[PDB]
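See below for the structure under consideration.
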Amino acid sequence: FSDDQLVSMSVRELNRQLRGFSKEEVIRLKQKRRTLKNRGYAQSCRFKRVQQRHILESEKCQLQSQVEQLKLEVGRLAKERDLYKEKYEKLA
Amino acid sequence: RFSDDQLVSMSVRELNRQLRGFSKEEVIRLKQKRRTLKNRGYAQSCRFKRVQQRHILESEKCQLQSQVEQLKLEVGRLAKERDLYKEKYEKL
DNA sequence: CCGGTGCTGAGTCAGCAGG
DNA sequence: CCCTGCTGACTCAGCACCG
């Protein structure tokens, strides 16, 4: 009957408890349940939107940190290649 | 009465002078309508900014991932070159 | 001390995409 | 044909400014 109980019980459990009620009330209670559930759906939707904003802004940092790590790696190899190439061309 | 577009763009000084003579109920009603219409567009901009922000972030992460892909290919090319010269050098 | 403003959280409804 | 879960869009509440 109350909002917390109405939103908690299943429509299967609802129809059984709704037995003995006017057809006017049954459709009225069922639509009250939907409203309360949409309230919860809204909370999840807004929360998800936030989490997705964070994992994007976080992935951006996980990539920037990787890019900088890789630019250092090419600097080591480029220098190391130049070393071998200079030593090689010297021997023709 | 009046239009929505004019009712929103109007300044308070113009709007007040525009309803000199109207009943209190109508004045309050019209004022509430201006607030409602404003809130409608506020939410429109907010969701707009949210979407635009989201698209900016995604494009950055796509550029970064592409950049990482480039660098990964680059170290693979430099390492192969460095090792190739090693073999040619060690021989001669 | 009042009122208009811009913003944003939360609630509502429509309507779409699946159980 | 319902029901579910979700999301866009409107509304209001309430805060933080402002004039």
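Just so we're on the same page: first chain in the structure tokens is A, next is B, and so on; residues restart at 1 for each chain, and ligands are numbered from 1 in the order they show up.
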Select, as a VMD selection string, those residues of chain A with any atom no more than 9 Å from chain D (distances computed using only C-alpha atoms (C1' of nucleotides)). chain A and resid 11 38 41 to 42 45
Mind dumping a table of every chain C residue within 9 Å of chain B, with the nearest atom pair and its distance in Å to one decimal, using only C-alpha atoms (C1' of nucleotides), sorted by chain and rising number, as JSON lines?
{"residue": "C:4", "atom": "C1'", "partner": "B:12", "partner_atom": "CA", "distance": 8.0}
{"residue": "C:6", "atom": "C1'", "partner": "B:42", "partner_atom": "CA", "distance": 7.2}
{"residue": "C:7", "atom": "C1'", "partner": "B:42", "partner_atom": "CA", "distance": 7.4}
{"residue": "C:8", "atom": "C1'", "partner": "B:46", "partner_atom": "CA", "distance": 8.3}
For chain A versus chain B, which residues have an atom no more than 9 Å away, and what is each residue's nearest atom pair and distance in Å rounded to one decimal, using only C-alpha atoms, chain-then-number order, as a Markdown table?
| residue | atom | partner | partner_atom | distance |
| --- | --- | --- | --- | --- |
| A:53 | CA | B:54 | CA | 7.4 |
| A:56 | CA | B:57 | CA | 7.0 |
| A:57 | CA | B:57 | CA | 7.2 |
| A:59 | CA | B:61 | CA | 7.4 |
| A:60 | CA | B:61 | CA | 5.6 |
| A:63 | CA | B:64 | CA | 6.2 |
| A:64 | CA | B:64 | CA | 7.0 |
| A:66 | CA | B:68 | CA | 7.3 |
| A:67 | CA | B:68 | CA | 5.7 |
| A:70 | CA | B:71 | CA | 6.3 |
| A:71 | CA | B:71 | CA | 7.1 |
| A:73 | CA | B:75 | CA | 7.0 |
| A:74 | CA | B:75 | CA | 5.6 |
| A:77 | CA | B:78 | CA | 5.9 |
| A:78 | CA | B:78 | CA | 6.4 |
| A:80 | CA | B:82 | CA | 6.7 |
| A:81 | CA | B:82 | CA | 4.4 |
| A:82 | CA | B:82 | CA | 8.0 |
| A:83 | CA | B:82 | CA | 8.7 |
| A:84 | CA | B:85 | CA | 5.9 |
| A:85 | CA | B:85 | CA | 6.0 |
| A:87 | CA | B:89 | CA | 7.1 |
| A:88 | CA | B:89 | CA | 4.9 |
| A:89 | CA | B:89 | CA | 8.4 |
| A:91 | CA | B:92 | CA | 6.9 |
| A:92 | CA | B:92 | CA | 8.4 |
Residues of chain A near chain C: apply a cut-off of 10 Å, count only C-alpha atoms (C1' of nucleotides), and supply the list as a ChimeraX atom specification. /A:35-36,38-40,42-43,46
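Those residues of chain B that fall within 10 Å of chain D when using only C-alpha atoms (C1' of nucleotides) read residues 36, 37, 39, 40, 41, 43, 44 and 47 of chain B.
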